[PDB]
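Working notes, beginning with the structure itself.
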Amino acid sequence: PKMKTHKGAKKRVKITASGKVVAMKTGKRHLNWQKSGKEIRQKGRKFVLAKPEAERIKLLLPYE
Amino acid sequence: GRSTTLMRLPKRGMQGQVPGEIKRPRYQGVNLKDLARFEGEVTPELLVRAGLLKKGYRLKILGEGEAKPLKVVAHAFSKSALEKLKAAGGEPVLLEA
Amino acid sequence: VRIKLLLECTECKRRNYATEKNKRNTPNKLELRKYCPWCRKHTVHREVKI
Amino acid sequence: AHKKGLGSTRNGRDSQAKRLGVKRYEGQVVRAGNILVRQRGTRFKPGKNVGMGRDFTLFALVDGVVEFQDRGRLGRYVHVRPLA
RNA sequence: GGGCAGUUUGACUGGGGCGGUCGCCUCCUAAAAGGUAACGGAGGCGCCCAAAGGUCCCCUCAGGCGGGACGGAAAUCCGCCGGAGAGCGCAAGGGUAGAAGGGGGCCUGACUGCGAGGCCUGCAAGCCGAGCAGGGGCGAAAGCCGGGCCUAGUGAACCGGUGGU
RNA sequence: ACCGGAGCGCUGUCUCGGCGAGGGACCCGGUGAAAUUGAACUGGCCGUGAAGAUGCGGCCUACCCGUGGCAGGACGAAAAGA
RNA sequence: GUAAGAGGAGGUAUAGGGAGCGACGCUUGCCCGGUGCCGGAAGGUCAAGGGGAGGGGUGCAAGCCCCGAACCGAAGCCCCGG
RNA sequence: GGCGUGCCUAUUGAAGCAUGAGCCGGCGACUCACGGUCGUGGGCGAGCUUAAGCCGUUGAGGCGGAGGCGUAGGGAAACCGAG
RNA sequence: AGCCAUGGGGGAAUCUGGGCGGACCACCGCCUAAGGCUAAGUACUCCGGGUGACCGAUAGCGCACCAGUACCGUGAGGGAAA
RNA sequence: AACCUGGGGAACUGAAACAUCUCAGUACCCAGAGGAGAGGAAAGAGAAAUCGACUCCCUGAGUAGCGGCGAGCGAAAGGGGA
């Protein structure tokens, strides 16, 4: 029956409604202290593509 | 080996607690190039079973398009779209008086 | 290693941070070193917790 | 098969060779950002319209044409001159 | 609470046990970029500093001969010879005195919002960062400051904890 | 009806085996299996080959086919190696 | 056996269950440090429970609901000993 | 008389002294159900197309717009809006 | 962490009574509990007939002809051929 | 024989291990009920001063939710009809 959208990556990723899957930056959690603002403002967003074609698929049915 | 590049991190602010989703007044973004396509009047009943709309609550006139001496009917009006009413049009909010 | 314990220099004016590290093994007490928060200028910056 | 006494070591570890060298040569055009040398010490030294950040590495400031400089009594330099 | 029920019991390897090991950095093996395998070579690292950061003013080694209470192949000073073998936290490599070394005055840019563009590489991270807008230190000024001569001082994501919008 | 060691009498266990005996086999007569089975028109040396050949090669004895008998090879059958 | 009951046993500690060596004749040494077994009205921690100082939301208010201290608690492991 | 080391499988690699296989007749393995997704044949056009079902049918079709698709995305959100 | 259901323990009232609007208190709505009967459209194939871009004795149901007979094993059950 | 409501309730697998989970309250055991049953007239349903027993088909929609927030699991209102 109807394939199930993967609730997970659905609950945690973006793709601009043109087809370019663009995600969210990590390595940002339990660090911060000896680090600097450079890593801060950089640790504000992310990118990606190529295998996020397979991920663009994994989204599935409602596309999104 | 690793998780499916699951190294990504979730944010999904309010991914729904459990009692359900917020029963909220959803919308309908629209353009005045669509208002330009038809003259006369753009009420709900017309635009719903024609145009776009589809049984979906508040309409918001906006975007670029053309200014014409016609009547619209919606619920919220963008400041930009409010200015295409200036050149020619009508401004009807929330119906009931 | 500790005795050099780390801290997040919280500023007054109700928050805004910059992160550092102390030095208990040095006469360093608390530290209100002059730094610049996300909002404003080079104002104050004190010391809190770990 | 009576394999008499053997031994063991410690010399199995090897650091990872990170890519080194100069990236541009005389001619190419940098565009503010196009780094040019991943060097250790001053094997090459910056000058006109060429910078050098924290790793000893010369890079880009202008839309320049690359050139070198032999100086010996100071070493070797890498200069950039765009249009003028 | 082994009387019974249920799973776990890594990988390593000149056939297996044992030891040893899984990450990073140094330079050989690397055949003049890269780069590369071995129970092939020798090694170091999971820390550090409110000054060991910062701007400006200043001085410049090791050692070599001669000379000196204690010292005395080494204390230290002096005279001269000495262009980096000194020192540059801890491994080296490399670079360095036309400073990055050693002393001092005023501070405190281990800033905020970004981010041009490259190195690297499957990805993911890692990486150098013009220049811009706020504001601040130094210096008359030119100009410098988004940590320390550098190559390790690391841990994706959820699950939570505190302060806060 | 348990494992060593030694002496006595006795014996085909051995030296060294010979004869005979009935029954299998061998010839005729009645009937008639099996595992294995790609096909074979299937000999040997010296080398060849993923290391061990009738078959490749520089080369061997020998008319065609059979019967009794021995057991070396077909990496021999029993297994999808204890 | 979930039990009901059953066996044990219409037996009674010269009995019935377990372990250990396996006639009889001679014999049995060191240690409670561990562990288990034993024995213990001090002491420690500690489950639900009792409790209520403080405390929150809310309604004008009476109030309803939740967070919840001090102190009390055994079995157990530690503790004293055999 | 010149030339010639079976087949399949397996393998860095077979005449292999690795194996399947005596011979033959026949049976016997890449489909479909949902959805996606790229390319394709057409009706359509800022538009498309109905589902259950109902009417009819005796291999006879039409009707039924709920709904999905499409025009606005951008912030997780409130929401701002070709920004 | 709601509502339903309930095993224990504590244990109401009879319409400002009760339960719910997702912990809970305030405001506003919903509906009257702890006893009961209900056709219709649903679901299926022992079975009647009817049909098929279903098969033709290795196919087809296992069983086309006396198939749940032979025969396997005490047994549950296996399962032909023709 | 199937369909049916309750009374108990698996393991293999997926997660490339594996206990939360899943497989599924699914196979399977009991019992009973009948062409039907089961169910069933509102302490409902839920945001508007909205509808109004039950079962069925559809969309709602893999949506809303759920989870070592992994595998994966996964509904109700509304509306179109019986």
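Numbering starts fresh at 1 for the residues of each chain in the structure tokens, the chains themselves are lettered A, B, ... in the order given, and ligands are numbered from 1 as they appear.
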
Give me, as JSON, numbers by chain, the residues of chain J touching chain B, with the criterion being at most 9 Å (counting only C-alpha atoms (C1' of nucleotides)). {"J": [64, 65, 66, 70]}

Just N, CA, C and O atoms (P, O5', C5', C4', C3', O3' and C1' of nucleotides) for this one: save the residues we selected as a PDB file, in the first residue's frame.
ATOM      1  P     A J  64       0.788  15.931   9.067  1.00  0.00           P
ATOM      2  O5'   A J  64      -0.096  15.710  10.374  1.00  0.00           O
ATOM      3  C5'   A J  64      -1.257  16.494  10.603  1.00  0.00           C
ATOM      4  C4'   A J  64      -1.938  16.114  11.892  1.00  0.00           C
ATOM      5  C3'   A J  64      -1.018  15.707  13.028  1.00  0.00           C
ATOM      6  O3'   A J  64      -0.438  16.799  13.702  1.00  0.00           O
ATOM      7  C1'   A J  64      -2.737  14.128  12.840  1.00  0.00           C
ATOM      8  P     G J  65       0.949  16.589  14.476  1.00  0.00           P
ATOM      9  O5'   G J  65       0.534  15.798  15.795  1.00  0.00           O
ATOM     10  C5'   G J  65       1.463  14.949  16.450  1.00  0.00           C
ATOM     11  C4'   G J  65       0.819  13.668  16.923  1.00  0.00           C
ATOM     12  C3'   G J  65       1.778  12.634  17.491  1.00  0.00           C
ATOM     13  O3'   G J  65       2.146  12.899  18.834  1.00  0.00           O
ATOM     14  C1'   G J  65       0.325  11.582  15.957  1.00  0.00           C
ATOM     15  P     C J  66       3.699  12.866  19.253  1.00  0.00           P
ATOM     16  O5'   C J  66       4.054  11.321  19.222  1.00  0.00           O
ATOM     17  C5'   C J  66       3.414  10.442  20.129  1.00  0.00           C
ATOM     18  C4'   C J  66       3.651   9.005  19.765  1.00  0.00           C
ATOM     19  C3'   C J  66       5.099   8.554  19.721  1.00  0.00           C
ATOM     20  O3'   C J  66       5.666   8.341  21.001  1.00  0.00           O
ATOM     21  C1'   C J  66       3.969   7.735  17.828  1.00  0.00           C
ATOM     22  P     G J  70      15.669   9.613  15.239  1.00  0.00           P
ATOM     23  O5'   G J  70      15.897   8.076  14.890  1.00  0.00           O
ATOM     24  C5'   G J  70      15.517   7.543  13.629  1.00  0.00           C
ATOM     25  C4'   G J  70      16.144   6.191  13.393  1.00  0.00           C
ATOM     26  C3'   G J  70      15.269   5.173  12.674  1.00  0.00           C
ATOM     27  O3'   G J  70      15.314   5.309  11.264  1.00  0.00           O
ATOM     28  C1'   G J  70      16.170   4.192  14.616  1.00  0.00           C
TER      29        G J  70
END

Check the DSSP output for the backbone and give back, as a PyMOL selection string, the residues of chain A in strand (DSSP E). chain A and resi 14-16+20-22

Requested write-out: C-alpha atoms of the selected residues, as a PDB file, in the first residue's frame:
ATOM      1  CA  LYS A  14      14.429  21.558   3.918  1.00  0.00           C
ATOM      2  CA  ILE A  15      14.385  21.575   0.145  1.00  0.00           C
ATOM      3  CA  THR A  16      13.608  24.769  -1.752  1.00  0.00           C
ATOM      4  CA  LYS A  20      17.457  21.768  -4.184  1.00  0.00           C
ATOM      5  CA  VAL A  21      17.674  19.920  -0.869  1.00  0.00           C
ATOM      6  CA  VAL A  22      19.262  22.265   1.642  1.00  0.00           C
TER       7      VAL A  22
END

What's around range 145-150 of chain E at 12 Å? Count only C-alpha atoms (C1' of nucleotides), leave out sequence neighbours fewer than 3 positions away in its own chain, and write the answer as a PyMOL selection string. (chain A and resi 34-41) or (chain C and resi 20+36) or (chain D and resi 38-42+53-57) or (chain E and resi 48-49+51-55+88-89+93-96+99-101+107-112+114+129+136-138)

In Å to one decimal, how far is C1' of residue 41 in chain I from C1' of residue 82 in chain J?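 One can read the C1' of residue 82 in chain J to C1' of residue 41 in chain I distance as 5.5 Å.
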
Which residues come within 12 Å of residue 31 in chain J, counting only C-alpha atoms (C1' of nucleotides), excluding same-chain residues fewer than 3 positions away, as number ranges by chain? J: 5-8

Compile the residues of chain B that lie within 8 Å of chain H, evaluated using only C-alpha atoms (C1' of nucleotides), and express the compilation as a PyMOL selection string. chain B and resi 11-14+29-30+52+62-64+78

DSSP-assigned helix (DSSP H, G or I) members of range 7-74 of chain B, reported as a VMD selection string: chain B and resid 32 to 37 44 to 49

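Atom to atom, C1' of residue 16 in chain F and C1' of residue 72 in chain F stand 29.1 Å apart.
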
For chain E, work out the contacting residues on chain B at 8 Å, counting only C-alpha atoms (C1' of nucleotides), and write them as a PyMOL selection string. chain B and resi 5-10

When you get a sec, could you note down which chain J residues fall within 10 Å of chain A, using only C-alpha atoms (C1' of nucleotides), as a PDB file with N, CA, C and O atoms (P, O5', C5', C4', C3', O3' and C1' of nucleotides), in the first residue's frame?
ATOM      1  P     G J  62      -1.501  10.676   0.980  1.00  0.00           P
ATOM      2  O5'   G J  62      -0.980   9.196   1.258  1.00  0.00           O
ATOM      3  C5'   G J  62       0.198   8.966   2.025  1.00  0.00           C
ATOM      4  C4'   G J  62       0.006   9.317   3.481  1.00  0.00           C
ATOM      5  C3'   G J  62       1.275   9.762   4.202  1.00  0.00           C
ATOM      6  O3'   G J  62       0.946  10.738   5.193  1.00  0.00           O
ATOM      7  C1'   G J  62       0.436   7.791   5.219  1.00  0.00           C
ATOM      8  P     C J  69      17.415   8.292  20.945  1.00  0.00           P
ATOM      9  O5'   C J  69      16.458   8.700  19.733  1.00  0.00           O
ATOM     10  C5'   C J  69      15.212   9.358  19.958  1.00  0.00           C
ATOM     11  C4'   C J  69      14.326   9.293  18.735  1.00  0.00           C
ATOM     12  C3'   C J  69      14.703  10.244  17.593  1.00  0.00           C
ATOM     13  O3'   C J  69      14.501   9.594  16.341  1.00  0.00           O
ATOM     14  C1'   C J  69      12.461  10.616  18.220  1.00  0.00           C
ATOM     15  P     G J  70      15.669   9.613  15.239  1.00  0.00           P
ATOM     16  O5'   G J  70      15.897   8.076  14.890  1.00  0.00           O
ATOM     17  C5'   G J  70      15.517   7.543  13.629  1.00  0.00           C
ATOM     18  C4'   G J  70      16.144   6.191  13.393  1.00  0.00           C
ATOM     19  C3'   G J  70      15.269   5.173  12.674  1.00  0.00           C
ATOM     20  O3'   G J  70      15.314   5.309  11.264  1.00  0.00           O
ATOM     21  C1'   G J  70      16.170   4.192  14.616  1.00  0.00           C
ATOM     22  P     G J  72      11.992   1.335   7.751  1.00  0.00           P
ATOM     23  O5'   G J  72      10.470   0.999   8.104  1.00  0.00           O
ATOM     24  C5'   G J  72      10.052  -0.300   8.514  1.00  0.00           C
ATOM     25  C4'   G J  72       9.384  -0.264   9.869  1.00  0.00           C
ATOM     26  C3'   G J  72       7.918   0.137   9.892  1.00  0.00           C
ATOM     27  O3'   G J  72       7.042  -0.937   9.598  1.00  0.00           O
ATOM     28  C1'   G J  72       9.098   1.361  11.536  1.00  0.00           C
ATOM     29  P     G J  74       0.401   0.046  10.775  1.00  0.00           P
ATOM     30  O5'   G J  74      -0.298   1.414  11.196  1.00  0.00           O
ATOM     31  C5'   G J  74      -0.854   1.582  12.492  1.00  0.00           C
ATOM     32  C4'   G J  74      -1.048   3.041  12.807  1.00  0.00           C
ATOM     33  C3'   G J  74      -1.826   3.825  11.766  1.00  0.00           C
ATOM     34  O3'   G J  74      -3.228   3.676  11.911  1.00  0.00           O
ATOM     35  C1'   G J  74       0.136   5.007  12.327  1.00  0.00           C
TER      36        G J  74
END

In Å, with one decimal, what is the gap from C1' of residue 59 in chain F to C1' of residue 16 in chain H?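 We find that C1' of residue 59 in chain F and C1' of residue 16 in chain H lie 22.9 Å from each other.
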
Contact residues around range 38-41 of chain J with only C-alpha atoms (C1' of nucleotides) at 10 Å, ignoring same-chain residues under 3 positions, as a list in words: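 Near neighbours after the sequence-gap exclusion: residues 38 of chain I; 4, 5, 52, 53, 54 and 55 of chain J.
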
Could those residues be written to a file, using N, CA and C atoms (P, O5', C5', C4', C3', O3' and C1' of nucleotides), as a PDB file, in the first residue's frame?
ATOM      1  P     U I  38     -31.440  -7.541  19.598  1.00  0.00           P
ATOM      2  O5'   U I  38     -31.997  -6.385  18.647  1.00  0.00           O
ATOM      3  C5'   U I  38     -33.213  -6.564  17.936  1.00  0.00           C
ATOM      4  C4'   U I  38     -33.527  -5.410  17.013  1.00  0.00           C
ATOM      5  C3'   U I  38     -32.467  -5.028  16.002  1.00  0.00           C
ATOM      6  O3'   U I  38     -32.422  -5.940  14.919  1.00  0.00           O
ATOM      7  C1'   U I  38     -33.479  -3.077  16.906  1.00  0.00           C
TER       8        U I  38
ATOM      9  P     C J   4     -15.204 -11.983   9.927  1.00  0.00           P
ATOM     10  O5'   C J   4     -16.324 -12.461  10.951  1.00  0.00           O
ATOM     11  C5'   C J   4     -17.607 -11.858  10.938  1.00  0.00           C
ATOM     12  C4'   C J   4     -18.338 -12.071  12.235  1.00  0.00           C
ATOM     13  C3'   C J   4     -17.536 -11.833  13.499  1.00  0.00           C
ATOM     14  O3'   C J   4     -17.362 -10.463  13.813  1.00  0.00           O
ATOM     15  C1'   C J   4     -18.800 -13.814  13.723  1.00  0.00           C
ATOM     16  P     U J   5     -16.008  -9.983  14.531  1.00  0.00           P
ATOM     17  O5'   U J   5     -16.381  -9.922  16.080  1.00  0.00           O
ATOM     18  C5'   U J   5     -17.432  -9.092  16.550  1.00  0.00           C
ATOM     19  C4'   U J   5     -17.981  -9.581  17.869  1.00  0.00           C
ATOM     20  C3'   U J   5     -16.986  -9.702  19.013  1.00  0.00           C
ATOM     21  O3'   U J   5     -16.750  -8.465  19.668  1.00  0.00           O
ATOM     22  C1'   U J   5     -18.293 -11.674  18.887  1.00  0.00           C
ATOM     23  P     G J  52     -28.997  17.207  11.851  1.00  0.00           P
ATOM     24  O5'   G J  52     -28.783  15.834  12.635  1.00  0.00           O
ATOM     25  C5'   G J  52     -27.907  14.824  12.140  1.00  0.00           C
ATOM     26  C4'   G J  52     -27.324  13.995  13.261  1.00  0.00           C
ATOM     27  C3'   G J  52     -28.321  13.084  13.971  1.00  0.00           C
ATOM     28  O3'   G J  52     -27.695  11.868  14.370  1.00  0.00           O
ATOM     29  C1'   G J  52     -27.444  14.677  15.512  1.00  0.00           C
ATOM     30  P     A J  53     -28.540  10.501  14.339  1.00  0.00           P
ATOM     31  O5'   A J  53     -28.108   9.740  15.671  1.00  0.00           O
ATOM     32  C5'   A J  53     -26.858   9.078  15.756  1.00  0.00           C
ATOM     33  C4'   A J  53     -26.930   7.875  16.660  1.00  0.00           C
ATOM     34  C3'   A J  53     -26.143   6.662  16.194  1.00  0.00           C
ATOM     35  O3'   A J  53     -24.758   6.742  16.474  1.00  0.00           O
ATOM     36  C1'   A J  53     -28.312   5.980  16.770  1.00  0.00           C
ATOM     37  P     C J  54     -23.695   6.537  15.286  1.00  0.00           P
ATOM     38  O5'   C J  54     -23.723   4.968  15.015  1.00  0.00           O
ATOM     39  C5'   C J  54     -23.673   4.043  16.093  1.00  0.00           C
ATOM     40  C4'   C J  54     -24.049   2.645  15.664  1.00  0.00           C
ATOM     41  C3'   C J  54     -23.329   2.091  14.446  1.00  0.00           C
ATOM     42  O3'   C J  54     -22.007   1.650  14.711  1.00  0.00           O
ATOM     43  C1'   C J  54     -25.632   1.655  14.237  1.00  0.00           C
ATOM     44  P     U J  55     -20.779   2.191  13.819  1.00  0.00           P
ATOM     45  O5'   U J  55     -20.552   1.056  12.727  1.00  0.00           O
ATOM     46  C5'   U J  55     -20.415  -0.304  13.104  1.00  0.00           C
ATOM     47  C4'   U J  55     -21.020  -1.214  12.070  1.00  0.00           C
ATOM     48  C3'   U J  55     -20.479  -1.070  10.656  1.00  0.00           C
ATOM     49  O3'   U J  55     -19.241  -1.728  10.446  1.00  0.00           O
ATOM     50  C1'   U J  55     -22.821  -1.049  10.574  1.00  0.00           C
TER      51        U J  55
END

Tell me which protein, DNA and RNA residues are within 12 Å of range 47-49 of chain G, counting only C-alpha atoms (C1' of nucleotides), leaving out same-chain ones fewer than 5 positions away, and put them as a list in words.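 Residues meeting the cut-off are residues 72, 73, 74, 75 and 76 of chain G.
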
Which residues are near residue 59 in chain D? Cut-off 8 Å, only C-alpha atoms (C1' of nucleotides), ignore same chain within fewer than 2 positions. Put them as number ranges by chain. D: 32-37, 50-52, 57, 61; E: 128

Expected file contents, prior selection, N, CA, C and O atoms (P, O5', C5', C4', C3', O3' and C1' of nucleotides), as a PDB file, in the first residue's frame:
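Heads up, here's the output in result_30.pdb:
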ATOM      1  N   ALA D  32      40.154  37.834  -4.991  1.00  0.00           N
ATOM      2  CA  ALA D  32      39.921  38.023  -3.565  1.00  0.00           C
ATOM      3  C   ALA D  32      39.311  36.747  -3.004  1.00  0.00           C
ATOM      4  O   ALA D  32      38.107  36.516  -3.116  1.00  0.00           O
ATOM      5  N   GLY D  33      40.148  35.918  -2.394  1.00  0.00           N
ATOM      6  CA  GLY D  33      39.696  34.661  -1.834  1.00  0.00           C
ATOM      7  C   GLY D  33      40.483  33.458  -2.327  1.00  0.00           C
ATOM      8  O   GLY D  33      40.806  32.563  -1.542  1.00  0.00           O
ATOM      9  N   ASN D  34      40.780  33.432  -3.626  1.00  0.00           N
ATOM     10  CA  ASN D  34      41.587  32.367  -4.219  1.00  0.00           C
ATOM     11  C   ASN D  34      42.938  32.256  -3.539  1.00  0.00           C
ATOM     12  O   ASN D  34      43.874  32.961  -3.915  1.00  0.00           O
ATOM     13  N   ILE D  35      43.051  31.380  -2.547  1.00  0.00           N
ATOM     14  CA  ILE D  35      44.327  31.197  -1.865  1.00  0.00           C
ATOM     15  C   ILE D  35      45.351  30.655  -2.847  1.00  0.00           C
ATOM     16  O   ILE D  35      44.980  30.102  -3.878  1.00  0.00           O
ATOM     17  N   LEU D  36      46.633  30.817  -2.542  1.00  0.00           N
ATOM     18  CA  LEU D  36      47.664  30.419  -3.493  1.00  0.00           C
ATOM     19  C   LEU D  36      48.763  29.495  -2.968  1.00  0.00           C
ATOM     20  O   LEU D  36      49.422  28.823  -3.751  1.00  0.00           O
ATOM     21  N   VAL D  37      48.980  29.465  -1.657  1.00  0.00           N
ATOM     22  CA  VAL D  37      50.055  28.644  -1.105  1.00  0.00           C
ATOM     23  C   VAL D  37      49.716  28.029   0.254  1.00  0.00           C
ATOM     24  O   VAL D  37      49.446  28.748   1.206  1.00  0.00           O
ATOM     25  N   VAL D  50      48.843  40.971  -1.911  1.00  0.00           N
ATOM     26  CA  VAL D  50      48.839  39.583  -1.466  1.00  0.00           C
ATOM     27  C   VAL D  50      48.872  39.542   0.054  1.00  0.00           C
ATOM     28  O   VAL D  50      49.706  40.197   0.681  1.00  0.00           O
ATOM     29  N   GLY D  51      47.965  38.763   0.638  1.00  0.00           N
ATOM     30  CA  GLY D  51      47.855  38.649   2.081  1.00  0.00           C
ATOM     31  C   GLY D  51      48.396  37.331   2.604  1.00  0.00           C
ATOM     32  O   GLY D  51      48.914  36.521   1.835  1.00  0.00           O
ATOM     33  N   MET D  52      48.281  37.119   3.914  1.00  0.00           N
ATOM     34  CA  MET D  52      48.779  35.897   4.545  1.00  0.00           C
ATOM     35  C   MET D  52      48.185  35.699   5.931  1.00  0.00           C
ATOM     36  O   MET D  52      48.613  36.332   6.894  1.00  0.00           O
ATOM     37  N   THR D  57      50.068  31.284   4.860  1.00  0.00           N
ATOM     38  CA  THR D  57      49.486  30.968   3.565  1.00  0.00           C
ATOM     39  C   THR D  57      49.138  32.250   2.833  1.00  0.00           C
ATOM     40  O   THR D  57      48.395  33.085   3.343  1.00  0.00           O
ATOM     41  N   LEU D  61      43.579  39.324  -2.638  1.00  0.00           N
ATOM     42  CA  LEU D  61      42.962  40.578  -2.204  1.00  0.00           C
ATOM     43  C   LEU D  61      42.332  41.304  -3.397  1.00  0.00           C
ATOM     44  O   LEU D  61      41.311  41.982  -3.255  1.00  0.00           O
TER      45      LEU D  61
ATOM     46  P     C E 128      42.111  28.170   9.387  1.00  0.00           P
ATOM     47  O5'   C E 128      42.598  29.020   8.141  1.00  0.00           O
ATOM     48  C5'   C E 128      43.977  29.143   7.858  1.00  0.00           C
ATOM     49  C4'   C E 128      44.182  30.027   6.666  1.00  0.00           C
ATOM     50  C3'   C E 128      43.451  31.358   6.708  1.00  0.00           C
ATOM     51  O3'   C E 128      44.094  32.346   7.496  1.00  0.00           O
ATOM     52  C1'   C E 128      43.042  30.334   4.644  1.00  0.00           C
TER      53        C E 128
END
